[PDB]
Amino acid sequence: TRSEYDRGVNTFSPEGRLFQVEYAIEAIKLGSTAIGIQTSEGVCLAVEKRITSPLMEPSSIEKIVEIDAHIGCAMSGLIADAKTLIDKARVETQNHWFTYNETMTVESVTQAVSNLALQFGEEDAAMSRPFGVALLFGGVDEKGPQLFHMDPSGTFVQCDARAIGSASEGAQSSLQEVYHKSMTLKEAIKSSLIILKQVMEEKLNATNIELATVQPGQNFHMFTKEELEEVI
Amino acid sequence: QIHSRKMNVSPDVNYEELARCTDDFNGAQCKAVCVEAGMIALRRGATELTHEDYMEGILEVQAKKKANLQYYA
Amino acid sequence: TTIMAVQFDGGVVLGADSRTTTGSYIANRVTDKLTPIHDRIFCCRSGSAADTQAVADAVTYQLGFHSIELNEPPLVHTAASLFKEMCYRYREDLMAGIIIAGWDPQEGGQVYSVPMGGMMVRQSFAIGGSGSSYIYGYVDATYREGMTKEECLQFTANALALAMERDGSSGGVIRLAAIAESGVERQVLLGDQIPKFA
Amino acid sequence: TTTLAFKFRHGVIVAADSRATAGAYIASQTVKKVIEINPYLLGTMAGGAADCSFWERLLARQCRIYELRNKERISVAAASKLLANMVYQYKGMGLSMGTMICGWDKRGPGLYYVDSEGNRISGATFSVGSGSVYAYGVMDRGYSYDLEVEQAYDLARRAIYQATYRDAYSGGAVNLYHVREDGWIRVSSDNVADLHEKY
Amino acid sequence: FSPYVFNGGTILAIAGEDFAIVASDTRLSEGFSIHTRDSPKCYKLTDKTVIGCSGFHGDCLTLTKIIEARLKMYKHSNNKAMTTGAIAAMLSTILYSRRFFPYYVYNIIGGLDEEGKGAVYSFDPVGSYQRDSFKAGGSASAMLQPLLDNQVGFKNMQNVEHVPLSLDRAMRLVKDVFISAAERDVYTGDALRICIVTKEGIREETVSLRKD
Amino acid sequence: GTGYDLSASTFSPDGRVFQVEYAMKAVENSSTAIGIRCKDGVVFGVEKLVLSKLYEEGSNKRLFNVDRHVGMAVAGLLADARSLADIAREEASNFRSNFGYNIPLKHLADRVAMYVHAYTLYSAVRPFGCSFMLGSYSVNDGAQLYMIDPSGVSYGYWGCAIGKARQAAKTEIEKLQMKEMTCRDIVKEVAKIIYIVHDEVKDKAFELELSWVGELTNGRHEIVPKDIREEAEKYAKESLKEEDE
Amino acid sequence: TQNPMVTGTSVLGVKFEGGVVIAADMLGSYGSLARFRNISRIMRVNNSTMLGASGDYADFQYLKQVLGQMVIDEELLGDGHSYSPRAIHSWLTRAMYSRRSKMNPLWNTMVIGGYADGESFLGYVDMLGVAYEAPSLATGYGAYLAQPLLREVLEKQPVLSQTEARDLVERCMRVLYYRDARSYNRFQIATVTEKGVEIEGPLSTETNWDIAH
Amino acid sequence: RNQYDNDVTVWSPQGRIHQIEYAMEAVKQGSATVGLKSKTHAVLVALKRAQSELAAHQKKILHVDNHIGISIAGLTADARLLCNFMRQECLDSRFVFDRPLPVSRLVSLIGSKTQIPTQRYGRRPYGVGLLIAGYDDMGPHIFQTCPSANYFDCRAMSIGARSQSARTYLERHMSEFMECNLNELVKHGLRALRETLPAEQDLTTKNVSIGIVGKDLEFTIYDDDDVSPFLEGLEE
């Protein structure tokens, strides 16, 4: 049936579906899992790496990348698209700071990255397929710590705790069970690591996971090797 | 109407709207929609049918399923 | 260049000099300042020769196309409005002034004037050109509302005769042209039959 | 206006007055001519105030993007060149910015002087502004590659004080910054009235 | 064809611990004609920010419209009213945007900052952007600002207790300085509009000023 | 299907453009719209269908004003109708600005016809699937009516009807001495036409749109004032009863 | 319009308590060569707006073209909304400002009068773009000598009846004919009131040259 | 079909253009939105869905210039794009003229903008059903527009998944409108959303979103606890 309705982003199906958009959403699944948490003390991000074998340095599988001094970004999906949208995010944050001399709120930043992900095939901009990447922007704006999830179809929303990636449906349940509002960042780190361990194949061991935290204080902190060992 | 005569359909239903949703539907499928709506009402512990149940019957007569797609308002 | 136009119920009579000096010295001894636009509509040209010719030819093209497309005779109002749009748009580029007159069914016998600028206005009598000033008094001195065709002919002959006799920029065969239903009648007052006023 | 920045082994001093002159009228004595382009670089201001401020702000944006993109630092030379290229694209259209970009980099200290007339120049010590010609002789006679930190501070402070005293458009405060490997810090800020009695 | 005709103006701004004041004459006089005796030169951009613009009046209106449209843009795209510092930075960028045909609008923004104290920013048309304590601009700036140097910063003065500038004394300062300005400056006069900005809001006070 | 009907840039192997024909077929499924030329004006009526009661009286308005003095009456897809109305508005504005006098209706019809012809020529754009009529009155040119269909033909009409019931509307319009009637009576007769073509059992609800442009208003196209509309509707109900007799 | 080719002259405006009354000479000047004299320099923008220019009459005609086209389009829409006097004033201000920024000025100077929702409007969109609303307006060279009378009369008597405001505008146009090398003792005093806009034809002041002798 | 529903440039051989019908269907996949008016107000109440009890709820009322709110049911992408275009139109009108843009004209602009991408093979129809509120000088409006590029001036309307319930409720209870009260009108909107609900579920302070416009009240949105005065007072 979907032989003439799902081969183009601009041909509606009888249901009213953008099947290329759902296919990009599926391509999100393939990626390595990420788990972002937002609590009263900041925002945490814990992601799984999929190191195939040594001789591939740690600093090429970029799941966490720093967005301004007050946001971190966890990627799930195609790397080229991830680079493009992270670059859009950085240039937007810095342009907003340049023009308004203030730190872009995470709502604004994820809104604008979504605004880029919107223009699939509009003849006023230049892509032709949805940016097949689902991103988590976890930052600290004037409303306290916040965490905003973006899906490839340009939809972004606040999330007090969200997991993305291959381990999406298998970790949303755990997050649902464990999360509670009055949570401290230490609890957030431990809980995210526990859920990652639950839904990974290799044994979590400080060189198959990345961790970062953006706090109402010290900037985005990427946990270093010794800190990884301590937490683990 | 003809195939729903012997049911407990609430007056709120809008058969003209359902006819608008039929969309190249033939008659056997309309009867099947009546039946499917009736038993969707049978489930859920209900006494009457409604337009939402008729729409669900339409979906189950095409064999589709309504998913709250995450990229729709 | 000196040009004048007046209206007689049922038509209009236009008049122009025939001198085309360019900063003095050589000129066009006899010129055709009164150019035919479509059939009954004429344009009196004044100012820069090249600009005047270009605007006249362009308006001729637009008005002829419009006439063929509407299958109705063209209005002097439309002709003068096309001139006005052209001049107003190219205000800086173009230096000229044109008096658009002639006959049309709905409001036959019209004389509009479009000087340098988008200035657009209907008048019973219109004067223009370098010599406009020197007859700009004895055009009201003897303007009787209800002149006949012949009457306006003597009026234009007298006015432009005095203009050429008291302005160096205008001089030669005075060309007049009266347009009504019967059609354009063009006359030329050559060397002596022009009114000699002492 | 007067500003100067000099390398003295330990780091780079960046001293500057504070006065914006409109013809014969002085807008404010609370100008802030040294520019926090980044925690790692400092930029001085002379000439077109708005031109300098805006162009060095855009430099700040681009250096921050660069630090993120290449998860590294931006060389003092690598930033002076960006500012020079940008300011040159709009050459002769009116930009009147002269400025000093100073900072510590993986190649140690670094100071460059970039103006609207496409002059990216390395140097040891520079002084810009309507009072630079004054502030430069005193600074020459008193500068040395070896200088204790406090004595260099005093040299800069008194040089700018004399620049204010002698030149007219140099008045204001005596803002003074230190550029070290760890970043830049605000050494002192005392108006010229205090210095007139200290000396 | 001169695309600027100095339309005359006198704006003043005072910061403070709690209050921010922006005063402006109301004389919109072009060339040698006072052809509008009522034209406030102070616009309430938000509930915490007031802008005073001096100079060519057409550009004043255009800049005000651009600024307010940008406030709406920012509100829609960020779901939060701009802060005073944010508006100051944005206006800097707007003014410098046209740096090759400048706006002839001297600008003084006055408002409450995030902490809650009075903050005043001063501009030059090309876009220089300074944060002052008290600043005057327009035509009589030369004669309004120096007296505030005398009486708000206590320059050339000693054995003086730096008591916080109260609102009552601030209002008296503004009234007297603008009365003197009206006495000795022709583009001044035609009434004074004072804007007082605090937690309550942008309270407006107006005083009759020498109409000559 | 046929294999030559996709796109409007392909002649079928007979000399036929199935896209234009489908556009006309979509035209012939919208509510009826009649127009009649009198000795001193032209009167339009449209069989507006209230698809729901939630809609204010004053929902989709199928009688549009093009220029001060031309009325456009549209039947078909109303989005395309509004687009065509804007095209005609812009063309009237351009004609006035470029020539100086109010647009002749024959010319306006010719230009809009060429516009729709452009959109039937191309393969990247579908032909306009909504037919319409242009009517006006001037002291000089006189009352005129014109039809423009998807194919872009501007044949002059004394009276015309477009939509579901066009054959019935015609057949009934011939039963009129249009050459000599006046606007006041033709308004009532338009009401009768609409109410004789209307099908209550099929269209459920219904409302009436009317307008005239003629010497009686000085050429300024105007929606039929409320009192005249009410009187015409009364006479239409009476005429329906008389026909039922 | 860099050079002013054929120019008009002053235009006045006063605020009647129930209307706005503006005045314009029908003179057409060319640098002391007064050309077309029966030229209407006042336009009825709509039922509640009127316009009068004093610069280049050709640019005035272009602005007439644009404004008339716009109001026709508004009525065509026929949604019932109308261009308020303030709205036309803002449109005109932006039009002139844009034409200036392009360094292609509209060498006009326009009074925008109107009556709306129990309010009277009178604005001064100039060439460069200076625009404002004032109780009494006088535009062109005649502004200097005309504003004094209106301003003092209002300041010592704010509300003006229609008759006295009218008489005042004829007196002002009389002093203009007396002290304006480019005036003409034939003017139009258009008035807008709750009824509409009336352009009461070619009036004429009773110039009493014998008063000075 | 099967060869005439691949683009908006092809008519079917029975007078219907299929892509527009598909987009009309797309509008139904959003959430219930019930909009309505009185003699002085216009209220839009929309059902904000939840993607998880952690993630917040999708907003469905956006705030165009101070005299327009907008409730969107359809593609979030197209909703955002048309919201930005409406904001641009409002601001442009405010810039040229100093008068808030009539909401019977902003709708015309949107209709033209949405018809243009239904007659060229360069884009897809838009995919948001739009309820535009606002109080121009005349009176409050509730306009509806669907991807078909037809705009309706609705006494009170609704759109989205399970929008019939709302439309029938409007049929039944609209006789009261034009004389209700500042809060009673909102109550009627809430009842409409209640009927749109799937039962079991109710109007909770979270899933209820309310937007209000009218004389002496620029556009406002009541979310989180700002809505409690409505749900608490709502009849059980």
# chains A, B, ... in the order shown; residues from 1 in each chain; ligands from 1
call {"tool": "residues_around", "arguments": {"residues": "residue 181 in chain C", "least_positions_apart": "2", "cutoff": "9 Å", "atoms": "only C-alpha atoms", "output": "ChimeraX atom specification"}}
result
/C:10-11,40,103-105,108,179,183-184
call {"tool": "select_by_dssp", "arguments": {"residues": "range 36-130 of chain C", "states": "alpha helix (DSSP H)", "output": "NGL selection string"}}
result
:C and (49-70 or 76-89)
call {"tool": "atom_distance", "arguments": {"atom1": "CA of residue 130 in chain E", "atom2": "CA of residue 31 in chain D"}}
result
7.1 Å
call {"tool": "closest_residue", "arguments": {"among": "D:54, D:113, D:8, D:104", "to": "residue 80 in chain D", "atoms": "only C-alpha atoms"}}
result
D:113
call {"tool": "interface_residues", "arguments": {"of": "chain H", "to": "chain E", "cutoff": "9 Å", "atoms": "only C-alpha atoms", "output": "mmCIF file with C-alpha atoms, in the first residue's frame"}}
result
data_model
loop_
_atom_site.group_PDB
_atom_site.id
_atom_site.type_symbol
_atom_site.label_atom_id
_atom_site.label_comp_id
_atom_site.auth_asym_id
_atom_site.auth_seq_id
_atom_site.Cartn_x
_atom_site.Cartn_y
_atom_site.Cartn_z
ATOM 1 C CA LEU H 62 -0.340 30.039 20.572
ATOM 2 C CA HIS H 63 -0.362 33.797 21.024
ATOM 3 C CA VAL H 64 -0.327 35.842 17.817
ATOM 4 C CA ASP H 65 -0.311 39.642 18.249
ATOM 5 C CA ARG H 87 2.743 36.893 13.602
ATOM 6 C CA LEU H 91 3.495 42.946 12.978
ATOM 7 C CA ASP H 92 3.709 44.179 9.386
ATOM 8 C CA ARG H 94 1.115 47.258 12.916
ATOM 9 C CA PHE H 95 4.207 48.746 11.282
#
call {"tool": "interface_residues", "arguments": {"of": "chain H", "to": "chain F", "cutoff": "7 Å", "atoms": "only C-alpha atoms", "output": "number ranges by chain"}}
result
H: 9-16, 112, 115, 119-121, 149-150, 152-157, 171
call {"tool": "interface_residues", "arguments": {"of": "chain G", "to": "chain E", "cutoff": "10 Å", "atoms": "only C-alpha atoms", "output": "JSON, numbers by chain"}}
result
{"G": [1, 2, 3, 93, 94, 96, 97, 100, 101, 103, 104, 105, 124, 125, 126, 127, 128, 129, 130, 131, 132, 133, 134, 135, 136, 137, 138, 139, 143, 144, 147, 148, 151]}
call {"tool": "select_by_dssp", "arguments": {"residues": "range 75-147 of chain C", "states": "strand (DSSP E or B)", "output": "list in words"}}
result
residues 96, 97, 98, 99, 100, 101, 102, 110, 111, 112, 113, 114, 121, 122, 125, 126, 127, 128 and 129 of chain C
call {"tool": "write_last_selection", "arguments": {"atoms": "N, CA and C atoms", "output": "PDB file, in the first residue's frame"}}
result
ATOM      1  N   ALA C  96      10.954  66.624 -20.375  1.00  0.00           N
ATOM      2  CA  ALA C  96      10.051  67.021 -21.448  1.00  0.00           C
ATOM      3  C   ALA C  96       8.687  67.342 -20.857  1.00  0.00           C
ATOM      4  N   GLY C  97       7.850  67.968 -21.682  1.00  0.00           N
ATOM      5  CA  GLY C  97       6.471  68.259 -21.342  1.00  0.00           C
ATOM      6  C   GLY C  97       5.585  68.073 -22.554  1.00  0.00           C
ATOM      7  N   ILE C  98       4.441  67.420 -22.384  1.00  0.00           N
ATOM      8  CA  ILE C  98       3.631  66.995 -23.517  1.00  0.00           C
ATOM      9  C   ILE C  98       2.172  67.327 -23.244  1.00  0.00           C
ATOM     10  N   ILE C  99       1.496  67.885 -24.242  1.00  0.00           N
ATOM     11  CA  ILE C  99       0.079  68.224 -24.144  1.00  0.00           C
ATOM     12  C   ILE C  99      -0.693  67.232 -24.994  1.00  0.00           C
ATOM     13  N   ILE C 100      -1.551  66.444 -24.365  1.00  0.00           N
ATOM     14  CA  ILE C 100      -2.225  65.340 -25.032  1.00  0.00           C
ATOM     15  C   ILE C 100      -3.664  65.747 -25.291  1.00  0.00           C
ATOM     16  N   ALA C 101      -4.063  65.780 -26.560  1.00  0.00           N
ATOM     17  CA  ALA C 101      -5.389  66.257 -26.919  1.00  0.00           C
ATOM     18  C   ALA C 101      -6.008  65.327 -27.945  1.00  0.00           C
ATOM     19  N   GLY C 102      -7.292  65.519 -28.182  1.00  0.00           N
ATOM     20  CA  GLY C 102      -7.956  64.859 -29.285  1.00  0.00           C
ATOM     21  C   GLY C 102      -9.406  64.571 -28.963  1.00  0.00           C
ATOM     22  N   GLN C 110     -11.028  66.752 -25.861  1.00  0.00           N
ATOM     23  CA  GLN C 110     -10.302  66.891 -24.611  1.00  0.00           C
ATOM     24  C   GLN C 110      -8.892  67.403 -24.865  1.00  0.00           C
ATOM     25  N   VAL C 111      -8.381  68.162 -23.895  1.00  0.00           N
ATOM     26  CA  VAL C 111      -7.008  68.651 -23.908  1.00  0.00           C
ATOM     27  C   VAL C 111      -6.420  68.575 -22.504  1.00  0.00           C
ATOM     28  N   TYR C 112      -5.614  67.551 -22.235  1.00  0.00           N
ATOM     29  CA  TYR C 112      -4.857  67.435 -20.998  1.00  0.00           C
ATOM     30  C   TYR C 112      -3.442  67.954 -21.208  1.00  0.00           C
ATOM     31  N   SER C 113      -2.798  68.344 -20.111  1.00  0.00           N
ATOM     32  CA  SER C 113      -1.412  68.791 -20.146  1.00  0.00           C
ATOM     33  C   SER C 113      -0.612  68.014 -19.116  1.00  0.00           C
ATOM     34  N   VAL C 114       0.568  67.544 -19.512  1.00  0.00           N
ATOM     35  CA  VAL C 114       1.466  66.807 -18.634  1.00  0.00           C
ATOM     36  C   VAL C 114       2.838  67.459 -18.737  1.00  0.00           C
ATOM     37  N   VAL C 121      -3.554  67.019 -15.511  1.00  0.00           N
ATOM     38  CA  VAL C 121      -4.692  67.900 -15.310  1.00  0.00           C
ATOM     39  C   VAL C 121      -5.348  68.210 -16.641  1.00  0.00           C
ATOM     40  N   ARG C 122      -6.673  68.280 -16.645  1.00  0.00           N
ATOM     41  CA  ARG C 122      -7.417  68.667 -17.828  1.00  0.00           C
ATOM     42  C   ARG C 122      -7.561  70.178 -17.866  1.00  0.00           C
ATOM     43  N   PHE C 125      -7.637  75.197 -22.294  1.00  0.00           N
ATOM     44  CA  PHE C 125      -6.486  75.660 -23.050  1.00  0.00           C
ATOM     45  C   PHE C 125      -5.231  75.268 -22.293  1.00  0.00           C
ATOM     46  N   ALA C 126      -4.236  74.775 -23.016  1.00  0.00           N
ATOM     47  CA  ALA C 126      -2.957  74.397 -22.438  1.00  0.00           C
ATOM     48  C   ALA C 126      -1.836  75.040 -23.235  1.00  0.00           C
ATOM     49  N   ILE C 127      -0.868  75.610 -22.532  1.00  0.00           N
ATOM     50  CA  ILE C 127       0.307  76.203 -23.150  1.00  0.00           C
ATOM     51  C   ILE C 127       1.534  75.490 -22.603  1.00  0.00           C
ATOM     52  N   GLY C 128       2.587  75.431 -23.411  1.00  0.00           N
ATOM     53  CA  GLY C 128       3.795  74.755 -22.982  1.00  0.00           C
ATOM     54  C   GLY C 128       4.961  75.088 -23.880  1.00  0.00           C
ATOM     55  N   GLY C 129       6.152  74.802 -23.372  1.00  0.00           N
ATOM     56  CA  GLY C 129       7.381  75.072 -24.088  1.00  0.00           C
ATOM     57  C   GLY C 129       8.084  76.303 -23.557  1.00  0.00           C
TER      58      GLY C 129
END
call {"tool": "atom_distance", "arguments": {"atom1": "CA of residue 157 in chain D", "atom2": "CA of residue 57 in chain D"}}
result
26.6 Å
call {"tool": "interface_residues", "arguments": {"of": "chain H", "to": "chain G", "cutoff": "8 Å", "atoms": "only C-alpha atoms", "output": "list in words"}}
result
residues 96, 97, 98, 99, 102, 104 and 138 of chain H
